[PDB]
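Undergrad: Just to be clear, this is only the beginning of the complex, oriented as in the whole thing:
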Amino acid sequence: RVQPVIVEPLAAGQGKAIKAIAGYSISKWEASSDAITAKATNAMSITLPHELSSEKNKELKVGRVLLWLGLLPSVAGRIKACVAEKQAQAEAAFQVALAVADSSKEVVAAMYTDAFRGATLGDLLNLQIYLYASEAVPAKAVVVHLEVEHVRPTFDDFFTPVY
Amino acid sequence: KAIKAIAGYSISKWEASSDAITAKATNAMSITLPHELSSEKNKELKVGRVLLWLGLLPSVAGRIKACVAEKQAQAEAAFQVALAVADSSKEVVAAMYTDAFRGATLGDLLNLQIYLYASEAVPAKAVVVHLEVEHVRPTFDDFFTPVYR
Amino acid sequence: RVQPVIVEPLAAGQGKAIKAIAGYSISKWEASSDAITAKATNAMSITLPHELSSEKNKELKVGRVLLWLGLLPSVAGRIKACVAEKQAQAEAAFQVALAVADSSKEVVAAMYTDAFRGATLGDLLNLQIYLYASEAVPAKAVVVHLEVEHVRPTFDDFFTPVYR
Amino acid sequence: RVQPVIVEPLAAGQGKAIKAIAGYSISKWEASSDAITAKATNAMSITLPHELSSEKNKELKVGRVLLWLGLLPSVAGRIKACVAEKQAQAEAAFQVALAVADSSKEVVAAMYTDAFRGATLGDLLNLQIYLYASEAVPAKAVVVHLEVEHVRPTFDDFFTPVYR
């Protein structure tokens, strides 16, 4: 039996938001970039924010991480980013990574569901973010957004002891 | 409909800009995780499917091929070993690694490299490679940091 | 009986998210690259983040690791990455490794499910990430994202004790 | 109804002892210091003890880590320590870390509960301990005590087999 199906169009902003699993929470931070020579990859390092910079919080385990990149409307060309272990040549990181985020697609994002599940935020200090551009891109023209999920920090809802 | 991540996973998506590419040449840039996933706790998360798709400026001309692989002596041989390449001459410029890294660890992606090839001369920041990995959800993303450091 | 089917077109970033198993958490971090000569490889070692650099946290056990690499849109060529134990020749790491992440495909990632299951986080200091580039690729043009899952740290839900 | 209360004065070393959870054990070791210039930091890497240096034991999983530092009574000033992943500038490790152990307080310690839970012991080789001194402090004047908990090693209750 052939079933008639209507495919309704979507607006830019209508979509199901993926929810963190029970017992975890999501930290969201961004990092601006610098100038990219054409046909060249810059390789920056992941810097945790101050809140997660403590030695207490560098022991929380990691779940899924998400990398979506937001860019100026003035820029043209093709921009591709990923996260990977630090390597000798940066371009080869696009040959090993499990998901790359391409700006030529409809959804400019990369979802890492199992590549870093079970690691630690202190181990996320060891990773790198790789940016590729087809044309010459000036400084601060792309901002990368990375959103990691980790176990909920179990002692951060207390005031500091002063008495 | 789009491909949904399986139950228990999430998808981290990030991009990497390029460098200048000589004609008939291959650059080999390493993979850097974002800051949120760079913790030692989060480098032990397992990896599912990864995706590489590159967006390029429409002014460029030639043929651009990218892949991910392990570190090699010659970069060109990486195009002979890799399980999927993304080609600009083809219909869909993408590379879907469904079983190549499924089971590997998120810290093991630092041992990989992205390989770009250009048939002609390409300036810097002219292509951007988008990669989208999926991994297990981090075990504490629903908690504020403890306020008493 | 033949049964008809309709394949839905799938937008980018619209896949099912893989969840970590019960008792585990996923730590996600990145590493930037340096300049790669044409038809060459580079080996960079995995550095744990500072939060996991404690002696108590170097004894946690590893589940699955995921390497997805993000690259600039300007770079041209074919770039392939993997992880392995450290070797004499780096190129031979592409002959032994269980999964490589080619950039000539639609999913530029590599999922190591049972290659490191049951290993320790300190043993991740003994691994290396290998990049290969088909053309001349400048520095910081690829960034590797590695995402490990590990057992959740047992004491990060408590304040530090106030008495000394 | 208001309910009166009496606060008992507490002598030194008279607190409740935190017990490791079931299936885990606590390994405790120390590291001595070198000379610190005034208003400066020093980064020293964590070295596992030899008993845990095996390949079988570098795959154990980490729970909670505890850094308590012991210092000579002659030294003056303010000394602060933390653990983190290795960074370019060491001072910035005090801006990111989840807990620091100040010496101007009553409990000179720092408890990382969920910062490294689920990491591996080999990943503790990727961490660093950071010391800051407000004044000129000589060598071996502070000693850092780090106490990790990890899964108990599965075969240390058996004699070695007698046949070769």
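TA: Thanks, I have it. Numbering: from 1, shown residues only, chains lettered A, B, ... in the order given.

Undergrad: Just give me the residue right at the centre of chain A.
TA: residue A:67 (2.3 Å; Cα atoms, centre = their mean).

Undergrad: That residue and residue A:148 touch, don't they?
TA: No: contact criterion Cβ atoms under 8 Å: residue A:67 and residue A:148 do not qualify, at 9.6 Å. In short, each C-beta sits where N, CA and C put it, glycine included.

Undergrad: Return the distance of residue A:161 relative to chain C.
TA: 4 Å (Cβ to the nearest Cβ, to the nearest Å).

Undergrad: Chain A: strands as residue ranges?
TA: A:24-32, A:40-45, A:62-71, A:79-85, A:100-102, A:109-112, A:120, A:127-133, A:142-151 (DSSP state E).

Undergrad: What helices and strands are in contact with the fifth one?
TA: Under the contact criterion of 3 or more Cβ pairs under 8 Å, 6 or more residues apart in numbering or on different chains; DSSP states H and E, the helices and strands touching strand A:100-102 comprise strand A:62-71, strand A:79-85, strand A:109-112, strand B:9-17, strand B:47-56, strand B:127-136, strand C:62-71.

Undergrad: For the closest residue in space to the residue nearest to the centre of chain A that isn't next to it in sequence, list the residues it contacts.
TA: Leaving aside its sequence neighbours, residue A:67 sits nearest to residue B:14 (Cβ to Cβ, 6 or more residues apart in numbering or on different chains; 2.4 Å). Residues near residue B:14 by Cβ atoms under 8 Å, 6 or more residues apart in numbering or on different chains: A:67-69, A:81-83, A:101, A:110, A:129, A:144, A:146, B:34, B:130-131, C:30, C:70, C:143, C:145.

Undergrad: slot chain E in:
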Amino acid sequence: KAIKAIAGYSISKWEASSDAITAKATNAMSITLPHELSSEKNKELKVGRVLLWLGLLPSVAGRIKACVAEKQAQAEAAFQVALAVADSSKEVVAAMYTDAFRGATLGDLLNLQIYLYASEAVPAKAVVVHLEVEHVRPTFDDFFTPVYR
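TA: Alright, chain E goes in next:
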């Protein structure tokens, strides 16, 4: 009554002597675990509350301030970031870190430093810093070592 360690924990207590301190200066000495806790098995134990209290000779004069923190470029800035300092001018010369390191690992305390400040000139071995950490009990302390090595 004194503060009792919580169920499942024990308290390791040790001391560290000092070095010579210039006037208006800060020394930064690292933390060394004792031998019993220095094993790779025992560096994975979790940490609860830590305590720092310093005993000083009564002949000394001035003002001595100590704390624990992470490693920094300038040592003086460690007194601006640390959550508790121990001051000799105050009523109780102590520093009680209840939530600063609770959850961290016993091997992570090697990444910390003790910071001493003296207002005047202080000779070597004139103050001794006592620190008392609590941690999970080691999983084999009720067994003799196996006699057949």
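
Undergrad: Quick check: residues of chain A near chain E?
TA: Applying Cβ under 8 Å from any Cβ of the partner chain, one finds that chain A approaches chain E through A:54, A:55, A:56, A:58, A:59, A:153, A:154, A:155, A:158, A:160, A:161.

Undergrad: Pairing partners for the residue nearest to the centre of chain A in the sheet, please.
TA: Beta bridges link residue A:67 to residue A:110, residue A:146 when assigned by DSSP bridges.

Undergrad: how close does it sit to chain D?
TA: 19 Å.

Undergrad: Then residue A:162?
TA: Taking Cβ to the nearest Cβ, one finds residue A:162 at 10 Å from chain D.

Undergrad: Over to residue A:160?
TA: From residue A:160 to chain D the distance is 10 Å (Cβ to the nearest Cβ).

Undergrad: try residue A:139
TA: Counting by Cβ to the nearest Cβ, the gap from residue A:139 to chain D is 20 Å.

Undergrad: and what of residue A:86?
TA: 12 Å.

Undergrad: Angles on the backbone of that residue, please.
TA: Here is the backbone geometry of residue A:86 (degrees, to the nearest 10): phi -70, psi 140.

Undergrad: same thing with residue A:55?
TA: Torsion angles at residue A:55 (phi, psi; degrees, to the nearest 10) stand at phi -70, psi -20.

Undergrad: again, but for the one 5 residues further on
TA: In terms of degrees, to the nearest 10, the main-chain angles of residue A:60 are phi -80, psi 140.

Undergrad: next one is chain F, place it on the structure:
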Amino acid sequence: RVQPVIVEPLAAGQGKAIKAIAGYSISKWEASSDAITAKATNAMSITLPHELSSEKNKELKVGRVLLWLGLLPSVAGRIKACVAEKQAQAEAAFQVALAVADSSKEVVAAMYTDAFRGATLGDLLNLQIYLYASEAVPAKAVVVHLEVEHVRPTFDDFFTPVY
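TA: One more piece, chain F, placed on the ones above:
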């Protein structure tokens, strides 16, 4: 209802002894110190005894550790010790450590309940002990006592095979 309470005084030696948890055991060893310059911190390393020096016994997990320091009655000043990871400057180890043992207090000890729980004795080879003194202290004037607990060694009650 106000309840009358009598606070009875204690002698030096009356106190409840903390017991190891089930399945663990306690190894107790001491280490003598050397000369300490005034306002300076010496930083010594932890040496496991011979019984726990085997590769079999460097895999036992660690629970709570205890550091109490015993000193000569002739010495004066103020002495503070702790255990921590090895660092660049030793004095900064008193800013990171979770408990320091002060000789100016009534109980000269430091209890590390969770700082090293789950680590290994081979990882206790990586730690250091930090000593601070206010005045100049000669050699062997302080002996530090550290008492760790670990899992009970499961094969050490056998004679060595000779037949």
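
Undergrad: how long is stretch A:64-79 from one end to the other?
TA: For stretch A:64-79, the separation between the terminal residues is 23 Å (Cα to Cα, to the nearest Å).

Undergrad: Pull the distance from that stretch to the chain's centre.
TA: 11 Å (Cα atoms, centre = their mean, to the nearest Å).

Undergrad: At the contact with chain F, which residues of chain A appear?
TA: Going by Cβ under 8 Å from any Cβ, the residues of chain A near chain F are residue A:55.

Undergrad: For residue A:78, give its distance to chain E.
TA: When residue A:78 is compared with chain E (using Cβ to the nearest Cβ), they lie 40 Å apart.

Undergrad: Repeat that for residue A:24.
TA: 16 Å.

Undergrad: and what of residue A:44?
TA: Computed as Cβ to the nearest Cβ, the residue A:44 to chain E distance reads 22 Å.

Undergrad: Residue A:21 too?
TA: 20 Å.

Undergrad: Identify the residue of chain A closest to chain F, quick one.
TA: residue A:55 (7.7 Å; Cβ to the nearest Cβ).

Undergrad: who's sitting farthest from the centroid in chain A?
TA: residue A:1 (44.1 Å).
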